[PDB]
Amino acid sequence: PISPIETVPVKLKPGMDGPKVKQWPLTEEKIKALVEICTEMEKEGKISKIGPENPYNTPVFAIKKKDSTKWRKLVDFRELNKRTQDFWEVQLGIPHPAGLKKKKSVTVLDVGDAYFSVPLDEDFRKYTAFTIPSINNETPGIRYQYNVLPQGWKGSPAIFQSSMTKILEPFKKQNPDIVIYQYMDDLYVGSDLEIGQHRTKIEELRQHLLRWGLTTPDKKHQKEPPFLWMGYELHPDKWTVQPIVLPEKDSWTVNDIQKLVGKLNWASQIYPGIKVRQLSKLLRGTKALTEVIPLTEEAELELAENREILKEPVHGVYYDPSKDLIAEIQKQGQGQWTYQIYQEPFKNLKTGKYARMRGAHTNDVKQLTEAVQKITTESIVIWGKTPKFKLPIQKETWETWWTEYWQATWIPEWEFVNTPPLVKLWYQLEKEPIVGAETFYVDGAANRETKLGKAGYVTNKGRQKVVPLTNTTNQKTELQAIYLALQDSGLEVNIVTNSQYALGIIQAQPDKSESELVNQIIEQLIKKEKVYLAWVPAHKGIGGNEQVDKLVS
Amino acid sequence: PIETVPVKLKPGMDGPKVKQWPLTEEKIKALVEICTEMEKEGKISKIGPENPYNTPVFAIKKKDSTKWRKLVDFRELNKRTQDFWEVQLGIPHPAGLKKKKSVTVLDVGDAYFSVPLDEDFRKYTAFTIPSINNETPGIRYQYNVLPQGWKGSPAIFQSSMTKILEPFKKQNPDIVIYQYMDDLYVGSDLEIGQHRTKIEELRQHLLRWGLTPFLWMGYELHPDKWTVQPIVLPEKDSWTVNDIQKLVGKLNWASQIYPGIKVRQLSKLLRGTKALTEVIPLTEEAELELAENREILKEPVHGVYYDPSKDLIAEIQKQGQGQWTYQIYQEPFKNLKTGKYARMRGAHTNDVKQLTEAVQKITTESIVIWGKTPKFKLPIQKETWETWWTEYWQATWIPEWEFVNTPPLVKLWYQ
DNA sequence: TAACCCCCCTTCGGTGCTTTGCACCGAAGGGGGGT
Ligand SMILES: Cn1c2ccccc2c2c1cc(C#N)c(=O)n2-c1ccc([N+](=O)[O-])cc1
Ligand SMILES: OC[C@H]1O[C@@](CO)(O[C@H]2O[C@H](CO)[C@@H](O)[C@H](O)[C@H]2O)[C@@H](O)[C@@H]1O
Ligand SMILES: [N+]
């Protein structure tokens, strides 16, 4: 005698009616095997037959279980999903083995036929109607409606998942000494009890589920490590990911690299040093998934270095709340950053990488701050606290940055680790004009129609230059003018401009840019010894600003 | 046995659907304990995923407070909730509160937990408590009473509030009392010792209703000591070309605020093409212009005043060395107030804590002066602010904000 | 020939000020993973 699960009220979107889509042409191979399952569900109580008074319908079909002789049945409720009320998902994230505390006894079991053990809403079962062709639609055919949560309905995951929590709620309160990680129907159970009391605790829970109609088939009951859980392998003192499949195909399409880079990201959670910059660079462009891509020299070298990391097996450890969390970051170049999170040296809880390039112009300090932020949020999710950081940047470098930057920025408690390449600021702008340094009044202009322009400067010593430019913009000529002044000045120079655009970029001390021109300006700034940038308003009759504006306009 | 005040949303607007953000261990444990006690006491009830609404929740510790407090980010719900001024449940603002020598802020939100809430509106107060490492899916709740931090709670409770304060107000006719969100502002011109005494009077006066996070805390303000930060022009005896260029640029920016400012005679000093460090003396015409511009910066702007129907906007600039400037306005370049903060908590070590402090200081001043909280333009990168601001938040309300990046070309608000 | 969830890389269009160019950023759509 099972206990009935209270149904969850489900509605359609206001002013909308059930789905009426009828059926797609079905091959006889599928039409046959389906009718066998229809009767099985009717006998088992999963489905009801009566549907002549039901004007709604949703297509049905089936395909093969992954590399199995069995046919998998699924309903395309995409039309009903549009008409179904919106749900708030209670699944907020994916649990991670690096967050598991070591438990003396562990068990992993699943619920048999989860969706089909949860009663659908009494009033809503009518909208799940579906029709199967008897024999190629020769005869009307058998119609059915779901009495339980069907696969493919946007509300099934949230409803089952929440029902699972109410069922587990009493057991956990009456057994606080146990830890249960519930992910859908997959359950992780661990305790420091003796294996005997553990199997007793397991059977108390295993019966607690059957009372509410939830079976626990021994086909999915794991009692001996390594436990297969969430795509990992759980050993008593270590964990690792289930083996990864690296495509070795010698002819790479667009979709080949997408699948390739995808698996490398998944591997980067424990395999240190994974890089996907050059491989993903091949993917940039609105090219179809079928186009074959020749691997560049760097993209081929990056893939080789990844094989060197993945050829060797790596393991992760478990979390110890008594010890502090340590996060260490290393610079990999080209805006790539890798990190490791650990509590004791060389026994990593997990690893990761940050390679996001945000903004056309940036520097290593900004990217390091962003890597720290990603790690921080990731750590609060898995462990609920912020780790201590070991960063390849000197305290002096960071202080100079955050104290001078006009935007508020901060890094949590951290210490410097001398692990080249170090992060540094490649140049620093003066705060006051340099005495005895030539003053370049720069300016630029571009004809909006012809796209032609000029860039140049005039100096206090009578030095002048004007340069013609083709296929340019006002903004580009303003940067070009500054570049000219840096090229044509000594190691110390004062530069006066009215380009708010140019000053905003340069004052942020970028060390890398998507703009060829900005990178050339950076190259000049790194060579200088003193550079004072000053802004003045345009068209106000100021100094050489009015003079150079004439030359270039 | 108390009937519930019906509340609707603004027509044509759905409910709040804001995802819960990750919480630290200490914040989740404090929430579980708090929500456990609130469920026992009937103030909240668990719900399922059939409720499509959600509002972020987290916890704070107020200034010099060691116990956790629960805070719900009802910003999305407050914007979607019907304005109670149109329902005529709006609370007027006393222009004399900012004039009192001392103002104490009392957390009275705890009293909201006694009034029931409109049943049809309870589904909009849904929130989700997360778990570390996603061990358990989200645990969802909803409110059965007036929730703290909701803009309708002080409006619905206003009728009960005026009753409880009637004895205190009529025995002390000079003390001003203003209610905003879960806080009560009580200002007086009395002596500090007598002010704190009359505050304790109102505390036990509040017990005489609660007898028929907690009430005990109180923070003292002094709005009569609040000053403004005016635009200042340096005074030099000798000026370099760079000095006059900076001056001309600053005055050109300032002319958008003060229309009477002129820079013609000062620009002529920059006619040639000179080295930035060259000292050049002022012409007789330029000396009058500089002095005249300072006068114009001494007087207030013409036709700038507070419009109750317009929203308040606050801009903040990081000036370095723990200095932070801000301006409050409703129309661009028509500033209602300009100010500067310095030596706040976190100065010289933590930019986010200083900015969080500045946001709270400025909001408090806007509530006292206009009874409105401003929408903030924050000088910070979105991800940086979102990663840290809850670690330093110490108020029971949360203002609206957006993220700006304005490089300082001219030092306008701070020399 | 699909349901929900987390992540990364790319493109792209919407937004605003650096203006009718250029940059910031969130939504998708690709991929990886989980049930
Ligand atoms: C590829 N795949 C899967 C792959 C592995 C496991 C489940 C699914 C799956 C799917 C796909 C769907 C769909 N639609 C689906 O509903 N499920 C599913 C998930 C959980 C349960 N249950 O807990 O009972 C039922 C169906
Ligand atoms: O609201 C969405 C999302 O944006 C953030 C970013 O800081 O800011 C908003 O937060 C409020 C909801 O909590 C919005 O109502 C408000 O308009 C805005 O400040 C986050 O706070 C929020 O998660
Ligand atoms: N110009």
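All heavy atoms count here, side chains included; hydrogens, waters and symmetry mates do not. Each chain gets a letter, A, B and so on, in the order the sequences are listed, and its residues count up from 1.
Checked against C:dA23, C:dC9, C:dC4, the side chain of A:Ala360 finds its nearest nucleotide in C:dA23. Each of C:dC22, C:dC6, C:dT1 was ranked by its minimum atom distance to the side chain of B:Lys19; first place goes to C:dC6. Side-chain proximity of A:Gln500 to C:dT18, C:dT11, C:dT35: nearest is C:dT18. The listed nucleotides are C:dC25, C:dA2, C:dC24; the one nearest the side chain of B:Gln381 is C:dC25. Checking C:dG33, C:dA23, C:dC4 against every side-chain atom of A:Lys154, the shortest atom distance belongs to C:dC4.
Whole-Å rounding puts the B:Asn405 CG to C:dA23 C1' distance at 10 Å. Going from atom CZ of A:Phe77 over to atom P of C:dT1 covers 15 Å, rounded to whole Å. With rounding to whole Å, A:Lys374 atom NZ is found 12 Å from C:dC6 atom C1'. For the pair A:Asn471 CG and C:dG21 P, the computed distance is 12 Å after rounding to whole Å. The distance from atom CD1 of A:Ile94 to atom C1' of C:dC8 is 15 Å, rounded to the nearest whole Å. In this structure, A:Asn265 atom CG and C:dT10 atom P are separated by 10 Å, rounded to whole Å.
Applying the 4.0 Å criterion to OP1 and OP2 of C:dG33, one finds that A:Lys259 has every side-chain N and O outside that range. At C:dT35, none of the side-chain N or O atoms of A:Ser156 fall inside 4.0 Å of OP1 or OP2 (strictly under the cut-off). Look at A:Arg284 and you'll find a side-chain N or O under 4.0 angstrom from OP1 or OP2 of C:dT11. Regarding contacts with the backbone of C:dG26, a side-chain N or O of B:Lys382 is found under 4.0 angstrom from either OP1 or OP2. The shortest distance between the side-chain N/O atoms of A:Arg358 and the OP1/OP2 oxygens of C:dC24 is not below 4.0 Å. Of the side-chain N and O atoms in A:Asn474, none sit less than 4.0 angstrom from OP1 or OP2 of C:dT19. Listed pair A:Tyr183 / C:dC6 fails the phosphate criterion, with no side-chain N or O lying under 4.0 Å from OP1 or OP2.
Using a 4.0 Å heavy-atom distance criterion, A:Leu92 is classed as a sugar-phosphate-only contact. Across all strands shown, A:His96 has no heavy atoms under 4.0 Å from either base or sugar-phosphate atoms. In this structure, A:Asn255 reaches the sugar-phosphate backbone alone: every heavy-atom distance under 4.0 Å involves primed, P, OP1 or OP2 atoms, never a base. Here A:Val276 lies in heavy-atom contact (under 4.0 Å) with sugar-phosphate atoms only. Using a 4.0 Å heavy-atom criterion, one finds that A:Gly359 contacts the sugar-phosphate atoms exclusively.
The distance between the ring centers of A:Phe130 and A:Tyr146 falls below 6.0 angstrom.
Remark: A:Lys281 pairs with A:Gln278, A:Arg284 by the side chain to side chain contact (heavy atoms under 4.5 Å, CB included) rule, at least two apart or across chains. For A:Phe227, there are no ring-ring contact (aromatic ring centres under 6.0 Å, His included) partners at least two apart in sequence or on another chain.
The pair A:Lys374-A:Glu370 does not meet the salt-bridge criterion, since no charged nitrogen lies less than 4.0 angstrom from a carboxylate oxygen. The pair A:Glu302-A:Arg277 fails the salt-bridge criterion, with no side-chain N (NZ, NE, NH1 or NH2) lying under 4.0 Å from an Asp/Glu carboxylate O. The pair A:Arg358-B:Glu383 counts as a salt bridge, with a side-chain nitrogen and a carboxylate oxygen less than 4.0 angstrom apart.
Within 6.0 Å of NZ in A:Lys166 there are more than 12 heavy atoms belonging to other residues, nucleotides or ligands. Applying the 6.0 Å contact sphere to NZ of A:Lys13 captures more than 12 heavy atoms from other residues, nucleotides or ligands. Counting non-hydrogen atoms of neighbouring residues, nucleotides and ligands closer than 6.0 angstrom, the NZ atom of B:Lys17 exceeds 12 such neighbours.
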Exercise. How does DNA chain C look in dot-bracket notation if pairs are Watson-Crick or G-U with both distances under 3.5 Å, crossing ones as [ ], other-strand ones as |?
Worked result: ..(((.((((((.(((.....))).)))))).)))
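Nucleotide C:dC17 is shown with an anti base, its glycosidic torsion being more than 90° from 0.
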